[PDB]
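Student: Chains as they are written, first to last, in the authors' numbering: chain sq, 18 to 66, 71 to 126; chain sA, 100 to 109; chain sl, 1 to 66; chain sE, 2 to 56; chain sv, 1 to 20, 27 to 133; chain sw, 22 to 28, 53 to 91; chain su, 16 to 58, 65 to 145; chain ss, 22 to 158; chain sd, 1 to 64, 98 to 122; chain sg, 20 to 129, 138 to 206. Where a beta carbon is used, it is the ideal one built from N, C-alpha and C, also for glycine. Starting off with a structure, shown below.
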Amino acid sequence: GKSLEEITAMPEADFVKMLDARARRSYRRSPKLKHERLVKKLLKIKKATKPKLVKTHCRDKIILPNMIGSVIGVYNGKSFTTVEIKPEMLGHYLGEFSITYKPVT
Amino acid sequence: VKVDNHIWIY
Amino acid sequence: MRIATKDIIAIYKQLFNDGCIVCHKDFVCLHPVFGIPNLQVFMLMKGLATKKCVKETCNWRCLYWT
Amino acid sequence: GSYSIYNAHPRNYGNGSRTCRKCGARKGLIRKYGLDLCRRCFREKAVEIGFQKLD
Amino acid sequence: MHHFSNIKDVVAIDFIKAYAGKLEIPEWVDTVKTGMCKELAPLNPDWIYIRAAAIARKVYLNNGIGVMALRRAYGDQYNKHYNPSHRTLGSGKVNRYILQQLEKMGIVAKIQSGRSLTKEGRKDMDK
Amino acid sequence: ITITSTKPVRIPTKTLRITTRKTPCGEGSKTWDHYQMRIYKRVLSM
Amino acid sequence: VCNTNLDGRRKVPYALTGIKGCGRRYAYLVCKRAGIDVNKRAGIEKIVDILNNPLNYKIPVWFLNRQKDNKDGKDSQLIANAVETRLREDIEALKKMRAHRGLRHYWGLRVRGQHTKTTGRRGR
Amino acid sequence: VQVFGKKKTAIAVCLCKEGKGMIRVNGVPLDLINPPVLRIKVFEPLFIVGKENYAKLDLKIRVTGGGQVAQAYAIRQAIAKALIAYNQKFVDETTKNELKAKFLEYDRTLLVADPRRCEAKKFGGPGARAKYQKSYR
Amino acid sequence: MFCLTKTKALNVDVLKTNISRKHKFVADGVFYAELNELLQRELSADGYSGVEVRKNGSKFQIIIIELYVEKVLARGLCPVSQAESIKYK
Amino acid sequence: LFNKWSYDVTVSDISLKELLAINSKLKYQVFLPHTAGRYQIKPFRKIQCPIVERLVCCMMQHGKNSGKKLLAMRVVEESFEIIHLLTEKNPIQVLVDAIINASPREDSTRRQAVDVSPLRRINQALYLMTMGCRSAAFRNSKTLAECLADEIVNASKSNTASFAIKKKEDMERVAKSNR
RNA sequence: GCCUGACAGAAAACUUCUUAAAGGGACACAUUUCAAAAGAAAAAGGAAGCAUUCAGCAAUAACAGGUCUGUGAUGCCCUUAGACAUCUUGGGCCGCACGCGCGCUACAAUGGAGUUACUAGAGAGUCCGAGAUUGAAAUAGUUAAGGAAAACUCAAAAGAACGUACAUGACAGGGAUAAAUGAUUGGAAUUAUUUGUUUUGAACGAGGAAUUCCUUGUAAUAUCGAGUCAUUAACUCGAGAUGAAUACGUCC
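Right, dumping it as structure tokens:
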């Protein structure tokens, strides 16, 4: 919607006000302990450092500016697909960027 | 003859 | 197995006092009376049947000892 | 620990929660009238329960 | 023969049309269809006044009635997909607006069991 | 005084209908045994 | 009328459906707001602006094609030949991030995740 | 004297008494029936024996089942039966006998209910007799 | 510590204070089957040959809370006891 | 038939006079083509049905219109007024003579040319003139009422433009070579 | 008490319709014809005359038919602490170059779309079925008596009536495909659970060889309840709504 420089510093609580209906409803419910244990690692690795690759099965996480530039591995069925978060692939679900099957042959 | 809502026959 | 130290005496008392202890085959819930999972109750005393202390009649997904 | 993670998944909705009273089969539960008796088992005890084959 | 004692001695459709400035027009008279099954808005601009008279008649015959007992009355069938058609409740805001507007006119009331007619309301339609 | 049994104001009976597949598996033709049992209610007032 | 040619035989509410952004329910609203009789046959400058500038012409935001538009702006602005171009930039956006919904669009499969084993039998 | 007309499920309970030739069904005149194509059908007993027989009779008929056509066939039954019962309880039986002969000569169903009723759906088919298609190959 | 919070009750549905009339006979009928198959594996050497669950208004009378035993005079005519004898032999 | 048409009509050929219920008894002059009798429980019980009643029920085919008597009778009731307009005679009379003229007299069996029973003459006559109205009112501006009306008046006297007459002489001509 | 016999709030009795117990009621007897007889056929009466109709049980003997993936029913084999036992996270049985079966919806004017009055039967309800009040465009969000139920909830659509509308036009029949955005159920909706609003507007013009079901409230047409269920029917089990034709026949 608005400019990136005006969207990455404003708190993400007000960011989800204009997000998707599913994305603004999942945020309404209490944060998952597994989701909260991710954001602790995502900011921890960023400050130490191209950010280091982290691995997780939390393909349910809504993309938020707190992981705006991290490197996240996502378990499809057998391995962790490395994705580098970009502003253009926002609150769409974190699992949509990892196929779980061979498409067709 | 008759004029109902289905036909107009005259 | 490694059941609570004090509870082993507690579970034995009910059998001694009454002569019949009833446990369910559902191993995910808790014993309504003892407040402990049904797994421990059957786990400890399934070796009692080897020592011929009780019998091993099972009926309708319930385990019986006498 | 050894059993700290054991059976940690909450099963409250129910397909693997509700079981047959005697058979224990996880499919075809007749929850009507609160029997909680899955088929292939209610048929055996329907006469005992009070159900009879009429028309 | 034919004798008149109440409004059950005339046809329903012609009486409703004959019964159609207190009923002020709301802001959603044009951008609203009379339900959820329907795919087109009402055609005639006077559709409220036909609906307003009809809702009054329903209260007349059925003393204890509610809004949700009017949503089912003015319902239709869901024939928008390949699934077989099933009934579905009509829109609520359009239906309850007339009843609230009829409350101020003194025709209907708010009894403990829904809505009912008043002294002047019964007299007004009979004339 | 109200009495109900599986075998005076005579309340209409509420038959309890339950239908099941005869087979214990999927094989064979589809045959259903229509199981039922009524409930009779009587009311005594004095 | 909005860089489009319409048939002059049908009624006005049912002749405006030829516009790629105006359909059946939308057409009936703009005929009421513009104060033109619905029963009149199609066979004018007041219509081409309410289609493209409907916010100030007594229209609700839930009666809009493009709600919560990106790249600034909150109006529909889709009742034109803008329908195809606006649709395209959404499709190509998903491919750039390699999102799964975009991946299926690239292969031309069933986007909304349906059983394609049996139905959808276009032999290729 | 109270009579009844019967159909599949529709029931037309009447109340025959002296009146002014007025007939109301559930509070509305018989001339204002909902399916107007059956306006003549419910009036068949009136013209069969003449309206002078019904000139001094009042009827209060309630319908509590069936459909739009099941009720219409019950209305004609309760009308014809009511005249028979009134001519039996009070008027001489000779006068009723000639009236019943004309009624039964035209339509037997006017004075007796149809025994036909819906059947019961059975397993392995959509209706009472029809079954599901068989796929040999 | 076990991460188990579910608890399955050791109760019978007939004991409910208020219950639907449709459910009462069904719940009682199910209790008949469970009790009958309870002593099935217990009175195998005894030949239970039947159970009766008559009630005296407030107390449940169990015939083979308390227990009653009646020795059937027609031992031969009972198939349940006879089937045990065939199984024994 | 609807307090408009009388039943003072005759039948041309005696071959159908005893098999058509027109005015023989008092049960056939019926106020509506809506009678809920049991005309198919014993053989030759359908002859006791009124002629227009049988004609009405034949307009209830092709699936989507099954079991809709009220919709079917409306087509007939508003058609017998059209037949009177185009013939100034009794619409019942027009139907009666149309049945006789459109009735086939010889068919073939798998071929051997065989005659047709008088009831099958009536049964096939109705099945013919309704098919023409059903097909000619499909995807057409013209309504079914006139479509049924024009077929009966055309098939009435001698016209070969009607579907019924074409088929009536189609089988006879085929049976003319199947002697 | 209100109104031009209707309606509203307390009452006092009756059982034809309602419910449900018992008995009665048809046995083809009564006539005619046909076959010394078992019996067959018509018409009248009868609420009911094909065993009156539809259903449940349903013998002797057999399949080397399906289920040991229903069980604390089990034989024998096999794995048995790095496991084929058990549990946790994620993925799948939903994947498409195609072929087959059971079905749903359409190819319309006997129709679609817009307004109105309507008419059922049979189920189900303990935190469960949810009346009433409101804000709203709908999905749905806030407060909520009654009901363990002939008590309260649980309510019809096919069809009809109303208009100078639609008029043979892949059109306003058809609603697949998608693009937007809003919530419901769930620890969790992405490979959309379900669903609302606007837009997108495809094949399908009555279907080749073959093949399935059906004889009376039957076929067919459209709908409702329940099973499954935290949420999801185009499936199954049932119920009523309207009510065709053709036969009372033969082994092709």
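Thinking C-alpha only, which one of sd:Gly-50, sd:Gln-61, sd:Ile-119 is nearest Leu-106 of chain sd?
Tutor: The residue labelled residue 106 of chain sd in the question sits at position 73 within the ninth sequence. Considering only alpha carbons, the answer is sd:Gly-50.
Student: Counting contacts by CB-CB distance shorter than 8 Å, is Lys-23 of chain sE in contact with chain sl?
Tutor: Numbered from 1 along the fourth sequence, position 22 holds the residue referred to as residue 23 of chain sE. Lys-23 of chain sE counts as touching chain sl.
Student: Tell me the DSSP secondary structure of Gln-118 of chain sv in three-state form.
Tutor: Position 112 of the fifth sequence, counted from the first residue, corresponds to residue 118 of chain sv. Reduced to three states, the DSSP call for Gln-118 of chain sv is coil.
Student: What are the boundary residues of the alpha helix (DSSP H) that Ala-91 of chain ss is part of?
Tutor: As a first step, residue 91 of chain ss must be located in the eighth sequence, where it is residue number 70. Where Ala-91 of chain ss is concerned, the enclosing alpha helix (DSSP H) stretches over 89 to 110.
Student: Are the CB atoms of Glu-126 of chain ss and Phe-50 of chain sg within a distance shorter than 8 Å?
Tutor: Walking along the tenth sequence from the start, residue 50 of chain sg turns up at place 31. Walking along the eighth sequence from the start, residue 126 of chain ss turns up at place 105. No, Cβ-Cβ distance for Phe-50 of chain sg and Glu-126 of chain ss is not below 8 Å.
Student: Hey, how far is the Cα of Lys-59 of chain sw from the Cα of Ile-24 of chain sw?
Tutor: Along the sixth sequence, read from residue 1 onward, the residue named residue 59 of chain sw stands at position 14. Along the sixth sequence, read from residue 1 onward, the residue named residue 24 of chain sw stands at position 3. Their backbone Cα atoms lie some 14 Å apart in a straight line.
Student: What does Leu-53 of chain ss touch in chain sv if you count any residue whose Cβ is under 8 Å from its own?
Tutor: Against the eighth sequence, residue 53 of chain ss aligns to sequence position 32. The contacting residues are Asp-9, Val-10, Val-11.
Student: Given 8 Å as the limit, is there contact between the region 35 to 48 of chain ss and the region 37 to 56 of chain sg, that is, 3 or more CB pairs closer than that?
Tutor: The region 35 to 48 of chain ss is not in contact with the region 37 to 56 of chain sg.
Student: Going by other Cβ atoms of all chains shown within 10 Å of its Cβ, with 16 needed for buried, is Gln-118 of chain sv buried or exposed?
Tutor: Position 112 of the fifth sequence holds residue 118 of chain sv. Result: exposed.
Student: Per the DSSP calculation, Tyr-153 of chain ss is bridged to which residue(s)?
Tutor: Looking up residue 153 of chain ss in the eighth sequence gives position 132. Note: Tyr-153 of chain ss sits in no beta bridge, so no partner.
Student: Measure the alpha-carbon distance for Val-69 of chain su versus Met-42 of chain sv and round it to whole angstroms.
Tutor: The residue you call residue 69 of chain su lines up with position 48 of the seventh sequence. The residue you call residue 42 of chain sv lines up with position 36 of the fifth sequence. Cα to Cα, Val-69 of chain su sits roughly 29 Å from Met-42 of chain sv.
Student: Given that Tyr-43 of chain su touches chain sv, what residues does it touch there, using C-beta distances under 8 Å?
Tutor: Here residue 43 of chain su refers to the residue found at position 28 of the seventh sequence. Per Cβ cutoff of 8 Å: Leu-46, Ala-47.
Student: Hey, does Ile-100 of chain ss have any beta-carbon neighbour from chain sg nearer than 8 Å?
Tutor: Here the question's residue 100 of chain ss lines up with position 79 in the eighth sequence. Not closer than 8 Å to any Cβ of chain sg, the Cβ of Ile-100 of chain ss fails to qualify, so no.
Student: Residues of chain ss with CB closer than 8 Å to the CB of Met-1 of chain sv, please, in chain order.
Tutor: For the purposes of this step, residue 1 of chain sv is taken as the residue at position 1 of the fifth sequence. Correct list: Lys-41, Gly-42, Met-43.
Student: Curious, which full-length beta strand (DSSP E) runs of at least 3 residues does the region 24 to 74 of chain sg contain?
Tutor: Segments of the beta strand (DSSP E) lying fully in the region 24 to 74 of chain sg: there are none.
Student: Based on the DSSP secondary-structure assignment, which residues constitute the bridge partners of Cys-23 of chain sl?
Tutor: By one-based count along the third sequence, residue 23 of chain sl stands at place 23. The partner list for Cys-23 of chain sl (beta bridge, DSSP) reads sl:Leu-63.
Student: Looking at C-alpha atoms only, which residue of sv:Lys-28, sv:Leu-29, sv:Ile-16, sv:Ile-54 is the closest neighbour of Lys-39 of chain sv?
Tutor: Numbered from its first residue, the fifth sequence carries residue 39 of chain sv at position 33. Out of sv:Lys-28, sv:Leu-29, sv:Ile-16, sv:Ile-54, sv:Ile-54 has the C-alpha closest to the C-alpha of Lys-39 of chain sv.
Student: CB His-78 of chain sq to CB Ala-120 of chain su, shorter than 8 Å?
Tutor: For the purposes of this step, residue 78 of chain sq is taken as residue 57 along the first sequence, with counting starting at 1. For the purposes of this step, residue 120 of chain su is taken as residue 99 along the seventh sequence, with counting starting at 1. No. Outside cutoff.
Student: Which residues in the same chain as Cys-24 of chain sE place their Cβ atom closer than 6 Å to its Cβ, once the five residues preceding and following it in sequence are excluded?
Tutor: Position 23 of the fourth sequence, counted from the start, is the residue given in the question as residue 24 of chain sE. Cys-39, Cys-42.
Student: Nearest-angstrom Cα distance between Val-115 of chain sg and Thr-187 of chain sg?
Tutor: To locate residue 115 of chain sg, count along the tenth sequence from 1; it is residue 96. To locate residue 187 of chain sg, count along the tenth sequence from 1; it is residue 160. Whole-angstrom Cα-Cα distance: 18 Å.
Student: Please report the distance separating the alpha-carbon of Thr-7 of chain sd from that of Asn-38 of chain sl.
Tutor: On the ninth sequence, residue 7 of chain sd is found 7 positions in, with the first residue counted as 1. On the third sequence, residue 38 of chain sl is found 38 positions in, with the first residue counted as 1. Straight-line Cα distance between these residues: approximately 9 Å.
Student: Determine the closest residue to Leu-15 of chain sd out of sd:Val-30, sd:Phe-2, sd:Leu-4, with distance taken between C-alpha atoms.
Tutor: Translated into positions along the ninth sequence, residue 15 of chain sd becomes position 15. If we check each option's Cα against that of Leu-15 of chain sd, sd:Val-30 comes out closest.
Student: Taking DSSP as the reference, what is the three-state secondary structure of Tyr-127 of chain su?
Tutor: Position 106 of the seventh sequence, counting from 1, holds the residue named residue 127 of chain su. If DSSP states are grouped into helix, strand and coil, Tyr-127 of chain su belongs with the helices.
Student: If you measure between the beta carbons of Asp-78 of chain sw and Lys-86 of chain sw, is that distance less than 8 Å?
Tutor: Against the sixth sequence, residue 78 of chain sw aligns to sequence position 33. Against the sixth sequence, residue 86 of chain sw aligns to sequence position 41. Contact flag unset, no.
Student: Any beta carbon from chain su within less than 8 Å of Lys-107 of chain sq's own beta carbon?
Tutor: Against the first sequence, residue 107 of chain sq aligns to sequence position 86. Closer than 8 Å to some Cβ of chain su, the Cβ of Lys-107 of chain sq qualifies, so yes.
Student: Taking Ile-111 of chain sg and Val-180 of chain sg to be in contact with their CB atoms under 8 Å, please state how far apart those CB atoms are, rounded to whole angstroms.
Tutor: Walking along the tenth sequence from the start, residue 111 of chain sg turns up at place 92. Walking along the tenth sequence from the start, residue 180 of chain sg turns up at place 153. Actually they are not in contact, since the Cβ atoms of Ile-111 of chain sg and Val-180 of chain sg sit about 13 Å apart, beyond 8 Å.
Student: Short of 8 Å Cβ to Cβ, which residues in the region 50 to 75 of chain ss face chain sv?
Tutor: Correct list: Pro-50, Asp-52, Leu-53.
Student: Less than 8 Å between the C-beta atoms of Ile-89 of chain sq and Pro-108 of chain sq, yes or no?
Tutor: What you label residue 89 of chain sq is simply residue 68 of the first sequence in a count that begins at 1. What you label residue 108 of chain sq is simply residue 87 of the first sequence in a count that begins at 1. Their beta carbons are under 8 Å apart, which means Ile-89 of chain sq touches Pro-108 of chain sq by this criterion.
Student: At a CB-CB cut-off below 9 Å, which residues of chain su make contact with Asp-36 of chain sv?
Tutor: Translated into the one-based positions of the fifth sequence, residue 36 of chain sv becomes position 30. The answer, in chain order, is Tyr-43, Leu-44, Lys-47, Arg-48, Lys-79.
Student: For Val-70 of chain ss, which residues from the same chain have a beta carbon less than 8 Å from its beta carbon, with the 5 sequence-adjacent residues on both sides left out?
Tutor: Here residue 70 of chain ss refers to the residue found at position 49 of the eighth sequence. If we look at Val-70 of chain ss and ignore the five residues flanking it on each side, its Cβ neighbours are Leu-104, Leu-120, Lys-123, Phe-124.
Student: Determine the chain sd residues that contact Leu-30 of chain sl at a beta-carbon separation under 9 Å, and present them in chain order.
Tutor: One-based indexing of the third sequence puts residue 30 of chain sl at position 30. The contacting residues are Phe-2, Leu-4, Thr-5, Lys-6, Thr-7, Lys-8.
Student: Distance cutoff 8 Å, beta carbons only. Does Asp-26 of chain sl sit that close to anything in chain sd?
Tutor: Counting from one through the third sequence, the residue named residue 26 of chain sl turns up at place 26. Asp-26 of chain sl counts as touching chain sd.
Student: Measure the beta-carbon distance from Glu-178 of chain sg to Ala-191 of chain sg and round it to whole angstroms, keeping in mind my assumption that it falls under 8 Å.
Tutor: Numbered from 1 along the tenth sequence, position 151 holds the residue referred to as residue 178 of chain sg. Numbered from 1 along the tenth sequence, position 164 holds the residue referred to as residue 191 of chain sg. Going by Cβ atoms, the distance from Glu-178 of chain sg to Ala-191 of chain sg rounds to 7 Å, so yes, they are a contact pair.
Student: Is it buried or exposed for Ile-31 of chain sv, if we count other Cβ within 10 angstroms and need 16 for buried?
Tutor: Sequence index remark: in the fifth sequence, residue 31 of chain sv carries index 25 (1-based). When all chains shown are included, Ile-31 of chain sv counts as exposed.
Student: By DSSP, does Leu-44 of chain sl sit in helix, in strand, or in coil?
Tutor: Locating residue 44 of chain sl in the third sequence gives position 44, counting from the first residue. Helix.
Student: On the criterion of 16 or more Cβ atoms from any shown chain inside 10 Å, does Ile-82 of chain ss qualify as buried, or is it exposed?
Tutor: Here residue 82 of chain ss is taken as the residue at index 61 of the eighth sequence, counted from 1. Per the 10 Å Cβ criterion, buried.
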